[PDB]
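A quick write-up on the structure given underneath.
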Amino acid sequence: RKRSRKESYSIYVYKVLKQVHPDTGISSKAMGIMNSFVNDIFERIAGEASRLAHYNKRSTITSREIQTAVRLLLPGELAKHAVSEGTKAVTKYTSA
Amino acid sequence: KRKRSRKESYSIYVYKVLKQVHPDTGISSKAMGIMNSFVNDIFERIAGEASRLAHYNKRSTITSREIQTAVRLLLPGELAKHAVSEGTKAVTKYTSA
Amino acid sequence: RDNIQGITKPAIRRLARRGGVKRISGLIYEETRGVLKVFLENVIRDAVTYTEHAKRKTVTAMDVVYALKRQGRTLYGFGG
Amino acid sequence: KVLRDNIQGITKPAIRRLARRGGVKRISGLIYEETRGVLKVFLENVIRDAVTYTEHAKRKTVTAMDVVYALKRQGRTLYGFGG
Amino acid sequence: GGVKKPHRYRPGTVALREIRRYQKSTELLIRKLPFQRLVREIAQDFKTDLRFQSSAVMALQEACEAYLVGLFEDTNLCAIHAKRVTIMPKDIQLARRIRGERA
Amino acid sequence: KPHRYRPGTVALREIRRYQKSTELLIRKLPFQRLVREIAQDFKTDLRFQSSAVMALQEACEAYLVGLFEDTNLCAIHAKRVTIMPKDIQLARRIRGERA
Amino acid sequence: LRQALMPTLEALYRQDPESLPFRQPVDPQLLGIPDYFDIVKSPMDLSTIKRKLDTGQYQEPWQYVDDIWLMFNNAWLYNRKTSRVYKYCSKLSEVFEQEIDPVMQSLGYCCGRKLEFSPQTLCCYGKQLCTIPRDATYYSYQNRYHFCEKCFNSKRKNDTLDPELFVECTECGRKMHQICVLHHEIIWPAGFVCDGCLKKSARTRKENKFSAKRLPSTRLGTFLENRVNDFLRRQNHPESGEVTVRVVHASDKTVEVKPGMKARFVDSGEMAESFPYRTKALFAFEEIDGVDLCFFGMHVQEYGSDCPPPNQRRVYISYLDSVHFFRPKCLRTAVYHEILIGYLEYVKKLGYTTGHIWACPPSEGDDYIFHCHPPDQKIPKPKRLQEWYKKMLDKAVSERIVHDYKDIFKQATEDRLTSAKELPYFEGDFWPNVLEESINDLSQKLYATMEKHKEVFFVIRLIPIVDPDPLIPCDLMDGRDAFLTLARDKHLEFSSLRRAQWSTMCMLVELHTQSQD
Amino acid sequence: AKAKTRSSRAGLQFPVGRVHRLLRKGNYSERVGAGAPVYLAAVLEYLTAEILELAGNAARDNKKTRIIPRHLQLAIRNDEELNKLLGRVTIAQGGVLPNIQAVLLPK
Amino acid sequence: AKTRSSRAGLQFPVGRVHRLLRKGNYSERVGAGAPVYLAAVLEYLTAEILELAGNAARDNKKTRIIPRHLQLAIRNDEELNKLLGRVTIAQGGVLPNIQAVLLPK
DNA sequence: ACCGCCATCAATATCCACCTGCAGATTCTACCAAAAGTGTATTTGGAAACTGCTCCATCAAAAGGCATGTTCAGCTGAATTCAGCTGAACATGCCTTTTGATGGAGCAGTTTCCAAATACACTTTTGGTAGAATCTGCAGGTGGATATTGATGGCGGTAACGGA
DNA sequence: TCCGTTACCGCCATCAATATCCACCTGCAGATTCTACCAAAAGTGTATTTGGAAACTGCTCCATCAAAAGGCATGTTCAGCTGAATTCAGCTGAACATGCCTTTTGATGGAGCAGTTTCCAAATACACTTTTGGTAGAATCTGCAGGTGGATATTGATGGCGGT
């Protein structure tokens, strides 16, 4: 009715900002800017992964496709950090 | 037997559509590549706007309304309306017959 | 009503001052007003089409944002 | 084998003809190296997209399809070779 | 004879000061009511009896304000390139032409 | 005695001639050697098809052709006939490729 | 009248939203301005004129034009300057100005523009010489006298503008502007005939016996006009007309030295008491569209061979004035240079060796000779006058007429003058006033002051005296003051081409009448 | 009927089942409407009609009976609507339009 | 009993990413670890943006994040300059810049 | 002797017509793997009909901005000149084209097999709307201390001048 | 022609009005904390199919050697020109004062916006049959490119008729 689901990234962005800077605040608009930014980036990555996966007649999309999309969209200096962090995260997840 | 995989193209449809306007004008194989690339680009784009408007309306059913809106949004100027007209009449006759 | 005189001389002068302009010619305003009008018409048509698609009689910032994103002018802040 | 210094292979008559095709009447003698430097970033970007496409497919042969679909997303869609 | 000239600034001196002051400010510049009237009048052509929310009008105002600043910044380089100080319309026309929106 | 055509009159000849022709004006062998050695940096022992190099050539030739008239109009804007690299930099920056 | 004047009214109507306030009669009760009837005595609008002309209540279109100008004047008087209604009325009047002219031209009239003369300066008895400036309050005296308010310790303002006169043709009966048709009572006592009536009957206007060419001729004027005609023929300009230069005044006078120099030198007997001289005044006329127009005039002072030293064998240019109406425009400077060079050559042939030029630009609102200078005529800068004189002198030297020209400082240094006695003395010159204000200290002060102003003054080296030209006594133009007063009193302005031509023909008529009563 | 296909039912030369199969295999959605392909085929055929019409007159005026990429480039570049629609499209063997400025002329 | 975020140590709701991918209809079948990688990349990017915003705010003697600080942080980094080459920041203004040739003498 | 404009002549380059050789376009013959229309059963999102409920649209005060009038000086445009720059032509020698042959790692097809996504059931938690209480950095207000532009004059540098 | 005299021009010096800077005080709303509450979502378990992978074999086409050559790349010389510097001459927006106005903020009356329930018509799935569109194979016809001859615009050079 009046309390319909309107999930956002309000708590997550705040709690992430807590570690990097404890004595820092984000009043009203920074949340909207970051939400629009993350939505746009997610849309670009998902669309690129989808089209590149379709370009190979593959019915299953794995982390390799989205990784290729990230390397494609993000040039080398961010690409190496992205691939390193992704490999470390996936190895930690699989090991656990 | 062992034979290579087949390929798909719209050669016959293009050859037919050239005949009605210019029976004497010939067409070479060079321009077919450009024409196919252009028509595929138009098709994928218009499907993109159609699906995007469908997502905006959250409609689980894809119908003529969102592709109509995509035609209005994408093609600039009265040319859009042009296509609309024929497209409209097409679907109407497709409903009639 | 013409409603095009709303872009006054001080407003356009202060807007041009942001670029570091020291001397402004006296006939720049008509063509920049025309450019503004033709640029706004393109997005207003898109917004009207988007609103008409949803069968809604009220326009929203959702339609404006997802109409501007197709022109390579994605806007941050109004997406939530 | 790893060769080098092929940018000088673009002969002066070739650049002169390119400038003439663009409607240039007078051509200065110091812009050829500037154009040679400018082409570097475009060539690197195109080869990077093409090699990313080739490496994603696990193939050892580079095809024109990878190049054309890589140029499509850059805003330089090309017609003539299907797609 | 006579007494005059308490303090008179050289031409162009106040321009730098006002540019510096305005470059550190981020408030709006266009009045809301004339923009609302213009938007309503333009929208009258397409459909009649339409209601518009304030947030959409603010978004359109921001979008139109950013584009003018971008074009002015683009034309500044063209103006300085031609070894000229005054701004001429041809700068604006050629900046529009190079951007590819004239096609 | 040589005819000694006045400067600027000859340019009309090739500006009229080249606009009526579309044949490629870049040699294929230096281009393929250049693209091979440039692409060798990312991956070694690569193999390229015949059509790929020509497709890349005809896709990269259009950029300069499309920039030429823009640079010409930028140079003419400065009340000059001669083109300068600053015209190319200005065109690239306004186009958004650089900034 | 309906079919001819309605295009202008429709053009006024379609100017949306300019004409909206004037579309309907003003209602003070429903507009918040109840005092309108107190300010405007005849409140009426466009619809009233439309109704009047639809019903044929206008005898002639002049009444319709007058009513339009009347509502424009009422709207201007009521609304303030910064009000939007004032701007609306102003631009509507401007548009009507271009719209009404073709209709009157096709109907056989001259023009349909409401033209008014310049505001006259008003004399006052506060200091016996005070002149009331334009738009100044004053106290009236039964409309026959006026007094200034500042020196005072009925009241009106100097905002009254004299309307242009009208003349009625003796055959067609139409009333039109006198200046536009260029008709004078003395020239044609039998009446005024419009061009349309003459064309219908294939008749021609009576030959003008008051033209400049019929004035008595002078040798200097003949030489000047011959030189101008020769130069113009060499140029061969298709738009060039016929130029006549004639000397109209030549009288002998004496200049009196001021008492400050009288005590220093005259009492000691080192210089003469007075210098006799002959003053000459000439004007330049050009025939444009069959009408004489004055475009150049000067006043000069020549010192004869019998003049006591150091004023021996010299000439001085007292004043210079001209109007920017010569055709062609490009050759006007060339014609002025030719006239000056011809005058210098004539005085050299007479024997004169030294010439003095004072390049003093006119002040704003101050006219040297031709009253009411056109607004489009920009006031030359002192630098501009110096450059013009330098170019004229270079051209004269190139013709082997002038040996050389210098500034006053270089001429004084070359002449090795020591005392102020050797300094040139002219009537109304700045140097006598400077010397009087100053009073070897005097010599040093004069040297410094004249070195400061050496750029303004120019000295020309050209190389008994007998004048073959007889004397022409004329008190109407004995000095620029009388000419200015006569031009102001008779409203003989030079603001427009038609007004300038009317002023020129009035001057020609006056000179002809005074020469022979 | 066993002989009247859907393509002949709508009076369109373009196929209607091929585009439907492409939409089904495109993974755009799990539900695909029946009325979309008939609308899309008409638009595609009509756009082909305009491109052919604009190529035909460019081919005729050159005293040529064979299609050349120059004719396509001329047809694209002389229309203010196609240029706006395809302003970021490069055509091989198309060239550029001749352009001579008045300033550069030897006046 | 144990959430996937706790197992992977990631702050973002990795379950919500998987749920979005399921209803996003990008593919009929998706991998289990792909949403983890996507969430990690998004977290890295947003952490970069947040730390740059914090540095920009600290470079202005202020303890509160404002859109001007966001614009200054974005426009001072060439990677963000090219990446957000078409993105407009609300109330961000422009970078101060004056040409040397425009200076007097 | 220069500067404009021009008739005449010899040499260039282009367009056109006639003729001939050849790769590309056109048409039988047929093919079974795949597509589509037809015949049934079933299920589910949306429309009609009623209701309760907010939010955009329409009037009133007082003073920091908005439009006019006046004056001017750095800014912009025009005429003149000179020397390093490129364009053209001729002679001489290297460079890409085409066709032939050969060797083998890469690509495509086939069968069977193993681990993971998915449809249900169950439970135990965790963040959003609600409330209240508390504090502290920040927007105005006032008060003194230095940095900046600039007209102006004391006096040195210097050019012009006149008598010796 | 050289030295004493003088006025003009310019370097640099303290200051006057204005602006910017920091320091202290005061009242207020958003951030922080705390409490309870509860439904949608996430955890495990079981069975099932299927998609990628293994080994094997056969087809393929690209780098390099090799040769004969005629046309274009490069060096050298000659000369016409067009951009940068100088000086001069006309003008419009910057910098003040003054009278007059309409932004901004303060509460309102009714038509769309949900909420809920039930029935309807199209979507999807399985099985059969005929058939149009790609294609292996082959034979046949022709418009287009090139060679050669002919005719015509076009341009520079030695003079020739007007102004200087």
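The chains in the structure tokens are called A, B, ... from first to last as shown; in each chain the residues are counted from 1, and the ligands are counted from 1 in the order shown.
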Could the residues of chain F that have an atom at most 9 Å from chain J be listed as CSV, each with its closest atom pair and the distance in Å to one decimal, counting only C-alpha atoms (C1' of nucleotides) and ordered by chain and ascending residue number?
residue,atom,partner,partner_atom,distance
F:2,CA,J:89,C1',8.2
F:4,CA,J:88,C1',7.2
F:5,CA,J:88,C1',8.6
F:7,CA,J:87,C1',7.5
Rows by chain and residue number, chain K within 10 Å of chain E, shortest pair, only C-alpha atoms (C1' of nucleotides), as a tab-separated table:
residue	atom	partner	partner_atom	distance
K:16	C1'	E:6	CA	9.7
K:17	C1'	E:7	CA	8.4
K:18	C1'	E:7	CA	9.5
K:93	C1'	E:11	CA	9.5
K:94	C1'	E:11	CA	6.1
K:95	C1'	E:8	CA	7.3
K:96	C1'	E:8	CA	9.4
K:103	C1'	E:31	CA	9.4
How close does chain K get to chain I? List, as a tab-separated table, each residue of chain K within 12 Å, its nearest atom pair and the distance in Å to one decimal, counting only C-alpha atoms (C1' of nucleotides).
residue	atom	partner	partner_atom	distance
K:41	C1'	I:15	CA	9.6
K:42	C1'	I:3	CA	7.5
K:43	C1'	I:1	CA	5.5
K:44	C1'	I:1	CA	9.8
Skipping near chain neighbours, those fewer than 3 positions away, what residues fall within 9 Å of residue 35 in chain E using only C-alpha atoms (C1' of nucleotides), listed as a PyMOL selection string?
(chain C and resi 3+6-7) or (chain E and resi 30-32+38-40+57+61)
Give me the residues within 12 Å of residue 119 in chain K as an MDAnalysis selection string, counting only C-alpha atoms (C1' of nucleotides) and dropping any in the same chain fewer than 5 places off.
chainID J and resid 44:48
Go ahead and write the selection's residues with C-alpha atoms (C1' of nucleotides) as a PDB file, in the first residue's frame.
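selection07.pdb written:
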ATOM      1  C1'  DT J  44      -3.566 -15.869 -16.325  1.00  0.00           C
ATOM      2  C1'  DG J  45      -3.093 -10.432 -16.628  1.00  0.00           C
ATOM      3  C1'  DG J  46      -6.242  -6.891 -17.525  1.00  0.00           C
ATOM      4  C1'  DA J  47     -10.911  -4.308 -17.737  1.00  0.00           C
ATOM      5  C1'  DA J  48     -15.247  -2.886 -15.482  1.00  0.00           C
TER       6       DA J  48
END
Excluding same-chain residues fewer than 4 positions from residue 37 in chain C, what lies within 10 Å of it counting only C-alpha atoms (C1' of nucleotides), as number ranges by chain?
C: 4, 31-33, 41-42; E: 38, 42, 64
Expected file: the selected residues, N, CA and C atoms, as a PDB file, in the first residue's frame:
ATOM      1  N   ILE C   4       9.510  34.614 -25.286  1.00  0.00           N
ATOM      2  CA  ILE C   4      10.913  34.378 -25.610  1.00  0.00           C
ATOM      3  C   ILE C   4      11.823  35.476 -25.083  1.00  0.00           C
ATOM      4  N   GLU C  31      20.936  34.061 -32.322  1.00  0.00           N
ATOM      5  CA  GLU C  31      21.277  32.710 -32.756  1.00  0.00           C
ATOM      6  C   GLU C  31      21.423  31.749 -31.583  1.00  0.00           C
ATOM      7  N   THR C  32      21.914  32.216 -30.432  1.00  0.00           N
ATOM      8  CA  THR C  32      21.994  31.326 -29.279  1.00  0.00           C
ATOM      9  C   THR C  32      20.604  31.019 -28.728  1.00  0.00           C
ATOM     10  N   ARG C  33      19.676  31.979 -28.809  1.00  0.00           N
ATOM     11  CA  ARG C  33      18.293  31.695 -28.440  1.00  0.00           C
ATOM     12  C   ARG C  33      17.672  30.676 -29.386  1.00  0.00           C
ATOM     13  N   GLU C  41      13.467  21.696 -28.115  1.00  0.00           N
ATOM     14  CA  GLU C  41      12.365  21.049 -28.821  1.00  0.00           C
ATOM     15  C   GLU C  41      12.628  19.562 -29.023  1.00  0.00           C
ATOM     16  N   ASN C  42      13.880  19.195 -29.308  1.00  0.00           N
ATOM     17  CA  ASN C  42      14.214  17.792 -29.538  1.00  0.00           C
ATOM     18  C   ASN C  42      13.951  16.947 -28.298  1.00  0.00           C
TER      19      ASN C  42
ATOM     20  N   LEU E  38       7.767  29.537 -20.753  1.00  0.00           N
ATOM     21  CA  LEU E  38       8.281  29.114 -22.052  1.00  0.00           C
ATOM     22  C   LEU E  38       8.054  27.624 -22.279  1.00  0.00           C
ATOM     23  N   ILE E  42       5.762  26.078 -25.270  1.00  0.00           N
ATOM     24  CA  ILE E  42       6.303  25.135 -26.243  1.00  0.00           C
ATOM     25  C   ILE E  42       5.510  23.833 -26.227  1.00  0.00           C
ATOM     26  N   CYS E  64      19.435  22.509 -19.924  1.00  0.00           N
ATOM     27  CA  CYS E  64      19.643  23.612 -20.854  1.00  0.00           C
ATOM     28  C   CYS E  64      20.733  24.562 -20.376  1.00  0.00           C
TER      29      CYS E  64
END
